[PDB]
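Each chain, letter by letter, is given below.
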Protein chains: 2
Amino acid sequence: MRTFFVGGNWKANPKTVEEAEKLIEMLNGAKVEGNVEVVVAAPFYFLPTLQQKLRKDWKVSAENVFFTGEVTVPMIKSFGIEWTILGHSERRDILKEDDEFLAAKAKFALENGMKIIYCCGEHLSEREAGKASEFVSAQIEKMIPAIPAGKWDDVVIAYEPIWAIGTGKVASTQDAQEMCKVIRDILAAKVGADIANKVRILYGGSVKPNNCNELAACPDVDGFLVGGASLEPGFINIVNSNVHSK
Amino acid sequence: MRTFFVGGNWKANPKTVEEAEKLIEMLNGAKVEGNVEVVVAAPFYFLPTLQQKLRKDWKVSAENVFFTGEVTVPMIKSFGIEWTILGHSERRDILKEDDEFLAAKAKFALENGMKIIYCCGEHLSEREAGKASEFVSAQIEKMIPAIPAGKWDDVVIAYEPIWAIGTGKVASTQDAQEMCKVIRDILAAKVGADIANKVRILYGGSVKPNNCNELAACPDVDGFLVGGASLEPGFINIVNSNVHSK
Ligand code: NA
Ligand code: NA
């Protein structure tokens, strides 16, 4: 039985420390139902505030980790931050973060006691070419050798349908399920069923209060990496969709 | 009379918040001599600590400013952080931060009430080709049109001899003076003598307690952007080299 997992990615939000404090006060009062592991990723400047004020049953995450302008594992590790996102689509696409680089980063983060939300997902061209499975499989196949023995408990994988983000195309609930299953099957083929059965695989497309319950019920969807809704009152609805996941 | 300026760039240091707190306690006790404007740039995670604990006669700076993983002007602006470094050689070279991008960033930062330490400097090939002046002039010539009317009081320019960083070549005191003068002359040619006479131009090569006094005395050198020494007790010696600058 895999514990449902919801990560809230604030991205470059909110605008001020006062707004971050108000968001934290609201999350601290949220009534969680069911069984669910919740992590909140926030800009670097705000992590100290989160680590001090956020409900201790939830954990704080970096949105990325690393010279001038860059932030490192010991600093966040030394702050008591245990999680990072890696390979988020925005960073892959906009900043050309590549797979060798990213699998290398996962290896390094895990070797240093970090837990990771490792993002993957295909673009519109590969989806339209009928190569979505092939592309995503390749991404995970590059990730797999980077995971140290004994560290699979510290890995969560997030599927981002990049083909449906800013393109004029939308993903269905079935699309989410199918691509999460693709991921689980490649894990099973390469590292075995015990690993495949315990790794949480998340849907990282558009998740809102109006589609979370339907998505949660999908058998290979173990949770969400949430964007904009993480800043809104409906984040708790998404956390609580775990009750629909068998 | 331009006020001498020393910026300390901690880069990706120190390793822990406790070490940052100890460094701040040491800087807070430092006896400043002469007249000098001091700014300390630190990793994002540490800026809240600096803004709260660092001596209020000094100002805190971001090492850079901006999606997932990125940090923005309102957040730092909203924290009361008034300075950023822009165009640091490490970010230009390693991450391909280009001139149009960087002049665009300066325009945007200044339009939003930020003061900037704008970095320039040539690589070994252009230095060896006899094109150092030409290359640096071009960089500043791209920067100039980006500065809004009335904002030149909020700009400091740092010359980084990239050709002497990690290459096996060292820069002389005369090299620093000449390239700072190159910068001042291009300002004079393009935007006039009043602007050229008030803009602080800094040396951003290797600055230590053993060469700061000699460098400070150079007539077109108005201060320093300090790397590794900013983390060490000799940073105060560098701040106090202003007494040698006429
Ligand atoms: Na499910
Ligand atoms: Na001088």
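Residues numbered from 1 in each chain as written, not as in the entry; some residues may be left out. Chains lettered and ligands numbered in written order. Heavy atoms only, no water. Residues with missing side-chain atoms left out of burial classes, pairs and counts.

What the deposited record gives as its method is X-ray crystallography, and the resolution it gives is 1.7930 Å.

Just so we agree on the cut-off: UniProt positions are given in the numbering used here, feature names are shortened, and annotations may be inferred rather than shown by experiment.
Named according to the PDB entry, chain A is Triosephosphate isomerase originating from Trichomonas vaginalis. Regarding chain A, the UniProt comment filed under Sequence similarities (unreviewed entry) reads as follows: "Belongs to the triosephosphate isomerase family." Per UniProt, chain A has the following entry under Catalytic activity (unreviewed entry): "D-glyceraldehyde 3-phosphate = dihydroxyacetone phosphate".

1. A few points about unusual backbone geometry
The criterion, for reference: To qualify as a helix, a DSSP run of H or I must reach at least 4 residues; to qualify as a strand, a run of E must reach at least 2; elements of each kind are numbered from the N terminus.
At the junction of A:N13 and A:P14, the peptide bond is cis and its omega measures out at -15 degrees in the coordinates. The phi dihedral of B:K96 is positive, around 55 degrees, even though this residue is not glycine. Relative to the helices and strands, B:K96 resides in the loop between helix 4 (89–95) and helix 5 (99–111).

2. Remarks on the coordination of the sodium ion (ligand 2)
Residue and element names in this part refer to chain B. Formally: A donor here means any N, O or S atom no more than 2.8 Å from the metal (3.2 Å for Na, K and Ca); water is not included, so a site may seem to lack partners. Here the term buried applies to any residue with accessible area under 20% of the maximum for its type, exposed to any over 50%, and partly exposed to those in between, with areas from a 1.4 Å probe on protein chains only.
Coordination of the sodium ion (ligand 2) by the protein involves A216 (O), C218 (O), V221 (O) and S245 (OG), with metal-donor separations of 2.3 to 2.5 Å. Sequence spacing of the donors to the sodium ion (ligand 2): A-x1-C-x2-V-x23-S. With a relative accessible area of 9%, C218 lands in the buried category.

3. Structural notes on the relation of the copies chain B and chain A
Note the cut-off: Note on alignment: the copies are superposed with a least-squares fit restricted to their C-alpha atoms. By definition, residues are in contact when any of their heavy atoms lie within 4.5 Å.
Superposing chain B onto chain A takes a rotation of 180 degrees combined with a translation of 0.0 Å along the rotation axis, leaving an RMSD of 0.0 Å. On this basis, the relationship between the two copies can be described by a two-fold rotation axis. Taking C-alpha positions as the reference, the residue of chain B nearest the rotation axis is B:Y45, at 2.5 Å. The residues that chain B uses at the interface reappear at the interface of chain A in 100% of cases, marking a shared surface.

4. Re the pattern of salt bridges
The criterion, for reference: Take a side-chain nitrogen of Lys or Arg and a carboxyl oxygen of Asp or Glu: if they are within 4 Å of each other, that pair is a salt bridge.
In this structure the tally under the stated criterion is 32 salt bridges over all chains. Here B:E33 makes a salt bridge to B:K31, at a shortest N to O gap of 3.1 Å. B:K31 gets classed as exposed once you look at its relative accessible area, which sits at 60%. Notably, a salt bridge pairs B:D99 with B:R92, separated by 2.9 Å at the nearest N-O pair. Classification of B:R92 as buried rests on a relative accessible area of 10%. Here the salt bridges share partners, and the residues they tie into one network are A:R2, A:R184, A:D220 and A:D222.

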